[PDB]
Amino acid sequence: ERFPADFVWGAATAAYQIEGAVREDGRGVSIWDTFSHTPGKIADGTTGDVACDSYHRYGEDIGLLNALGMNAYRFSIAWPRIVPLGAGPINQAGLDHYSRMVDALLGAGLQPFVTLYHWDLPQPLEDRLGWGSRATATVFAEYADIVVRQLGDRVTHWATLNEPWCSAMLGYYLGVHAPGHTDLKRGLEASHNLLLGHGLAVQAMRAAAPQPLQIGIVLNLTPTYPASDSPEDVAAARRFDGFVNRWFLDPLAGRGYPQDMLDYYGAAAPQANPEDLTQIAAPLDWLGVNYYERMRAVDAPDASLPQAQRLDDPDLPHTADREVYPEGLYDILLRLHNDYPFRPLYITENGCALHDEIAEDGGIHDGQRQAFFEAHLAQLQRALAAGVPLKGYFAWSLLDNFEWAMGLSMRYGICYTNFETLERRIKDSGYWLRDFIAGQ
Ligand SMILES: OC[C@H]1O[C@@H](O)[C@H](O)[C@@H](O)[C@@H]1O
């Protein structure tokens, strides 16, 4: 029934999804500025130019966090505000902005959990191949050093990357996210340079920090289940598990890349010399899990890689964009606890999108989202009872925002954002979380 007294309770955002102010105070161009301004890439014709205007309205965001009784806020720093050319001089005005924001959070009793990279690569670096180039890993580590030197007196909890599988595979192989390339080899090379950037940044951050830091990385993990026990379906489930989960977990754990996936990828696999793998496995203080969905896999040999397709279950609840499977959160946490070395663990994102509207009474009656949270929180209690060292939970998202290729049309907030007036309003699920946390 009861969570630990010192459990972290938060909500999460990312800079490009909320900030707006894309040209203000020296900000450079990111790959997502380029991509969202390319005709046809965003489903509803919107961009992040304004978004939630949180660059100016972060005080309102803090008011919401306080109204919800949270004790932490997960947000990202925009690399284009700090080093507008990607590699080059710093923009002190960008650092000063986040320094003021951090002081405002600490003044309100909210612990900042900062993500350094949440997908907004400076465009000048993409012009030089972006994550397809090892040089980008080096300059990412330089950016991490700069930020820690100025904010690390107040921020202890840092993550290097958010969801490298998305940046690599959606951005460079499937072409649905920025920068929008469609080449498997480039996607796998990007996955390696992301991991190398992470490892180089961890070392740089520890050397630059004015106090001991707690450094992690944030991964999306998808528990995978075969649709049947046939050799074909079990193999498809292992391939999908390797493609999303083990490709990242194993090198971070010091186990190299998974051999079964190297064999499957063949000539497309990156050249991973052992020096790189040692750097990638730099010791971490925590691991962040982003959990949304499971994969029930059936073999699909004529499909594209990894030749596994999803078998939908019409009996389970569905949101605006996903299938709901709360028990997968327990499963993946138990797997991490038993099979991998990372601890403690945080749930750095969990949430859902619905077709929310303001009702006649002025509230947002998002009962499915309340049920979503209740069901996932129950699974966390089960995981804690099994001994999983879980230390906090962050709802995605604090407020409705720019949901990447879906634009403003996919609402994940616990607070509703009116994108015309920029007013925020707490949804019923947000009041449920407030009252649940208060009872803890
Ligand atoms: O699609 C919902 C969320 O998915 C997570 O993978 C990303 O970190 C968020 O930025 C995104 O909004």
Side-chain angles (χ1 to χ4, degrees), residues 12-43 45-56 58 75-95 97-98 101 114-133 135-144 146-147 159-164 166-172 174-181 186-187 190 193-194 197-198 201 218 397 401-408:
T13 63
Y16 188 78
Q17 302 188 258
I18 68 167
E19 280 183 357
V22 289
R23 296 178 283 279
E24 290 191 32
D25 293 326
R27 186 176 173 278
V29 177
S30 87
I31 59 170
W32 273 97
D33 298 84
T34 302
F35 192 77
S36 68
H37 283 268
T38 297
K41 295 303 185 184
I42 310 303
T46 62
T47 70
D49 286 356
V50 173
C52 308
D53 196 32
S54 292
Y55 187 78
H56 298 112
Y58 65 86
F75 65 98
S76 82
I77 291 180
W79 188 353
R81 294 194 191 284
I82 307 310
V83 190
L85 296 172
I90 71 166
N91 175 32
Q92 191 58 49
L95 284 161
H97 168 80
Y98 289 109
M101 180 183 166
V114 176
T115 309
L116 286 165
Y117 184 72
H118 204 134
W119 303 356
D120 48 341
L121 185 73
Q123 181 69 48
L125 293 179
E126 177 59 30
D127 293 342
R128 300 150 175 78
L129 297 179
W131 292 107
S133 175
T136 301
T138 294
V139 308
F140 174 66
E142 296 175 6
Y143 156 65
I146 287 159
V147 177
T160 53
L161 308 176
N162 179 80
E163 300 187 352
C166 291
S167 293
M169 300 309 285
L170 303 184
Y172 290 88
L174 295 168
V176 302
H177 281 186
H181 295 296
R186 183 127 57 147
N193 294 324
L194 283 154
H198 157 80
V218 170
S397 181
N401 63 51
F402 180 81
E403 178 51 29
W404 307 116
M406 302 300 312
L408 300 176

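Just the heavy atoms: all of them, side chains too, but no hydrogens, waters or symmetry mates, feed the values below. Just so you know, residue 1 is the first one in the sequence shown, and it goes up from there.
Taking both residues in full, the closest heavy atoms of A15 and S76 are given as N-OG, 2.8 Å, listed atom of the first, atom of the second, then distance. Taking every heavy atom of both residues into account, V176 and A405 meet most closely at O-CB, 3.6 Å. Smallest separation of non-hydrogen atoms from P164 and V218: CD-O, 3.6 Å. Between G28 and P84, the shortest heavy-atom distance links the atoms N-CB, 3.8 Å. Scanning both residues, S397 and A12, for their nearest heavy atoms gives OG-O, 2.8 Å. Across every non-hydrogen atom of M406 and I42, the tightest pair is C-CG2, 4.4 Å.
No donor-acceptor pair under 3.5 Å is formed between the side chain of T115 and the backbone N or O of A159. In terms of modelled atom types and a separation under 3.5 Å, the side chain of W119 and the main chain of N162 share a donor-acceptor contact. Checked by atom type and distance alone, the side chain of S30 never pairs as donor or acceptor with a backbone atom of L121 at under 3.5 Å. Using a distance-only test at 3.5 Å, with no hydrogens or angles considered, a donor-acceptor pair links the side chain of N91 to the main chain of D25. Under a 3.5 Å cut-off, the side chain of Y16 and the backbone N or O of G48 do form a donor-acceptor pair. At distances below 3.5 Å, at least one donor-acceptor pair connects side-chain atoms of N193 with backbone N or O atoms of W131. A donor-acceptor contact shorter than 3.5 Å links the side chain of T46 to the backbone of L408.
Note that the CD1 atom of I77 and the CG atom of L95 stand 8.0 Å from one another [nearest 0.5 Å]. Here the CZ-CD distance, from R128 to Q123, works out to 10.0 Å after rounding to the nearest 0.5 Å. Rounding to the nearest 0.5 angstrom, the gap separating the OG1 atom in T136 from the CG atom in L194 is 9.0 Å. Note that CD of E19 is 7.0 Å distant from CE of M101, once rounded to the nearest 0.5 Å. With rounding to the nearest 0.5 angstrom, the CD atom of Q17 is 9.5 Å from the CG atom of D120.
Cation-pi check for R27 over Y55 is not met; the charged atom does not lie both under 6.0 angstrom from the ring centroid and within 45 degrees of its normal.
No option in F35, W32, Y172 other than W32 meets the ring pair (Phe, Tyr, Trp, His ring centres under 6.0 Å) test with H177.
Taking the six-membered ring where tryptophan is involved, the planes of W79 and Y117 are perpendicular, since the angle between them exceeds 60° and thus also 30°. Relative orientation of the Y143 and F140 rings is tilted, given thresholds of 30° and 60° on the angle between their planes.
Annotation: side chain of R186 is in contact with side chain of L129 (closest heavy-atom distance under 4.5 Å). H37 places a side-chain heavy atom less than 4.5 Å from the side chain of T47. In this structure, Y98 and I82 have side chains that are in contact, with non-hydrogen atoms separated by less than 4.5 Å.
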Evaluate the side-chain contact (heavy atoms from CB on, under 4.5 Å) criterion for residues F75 and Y58: first the C-alpha distance (whole Å), next the side-chain angles of each, then the deciding distance (0.1 Å), finally the verdict. CA-CA 11 Å; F75 65 98; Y58 65 86; over 6 Å; no
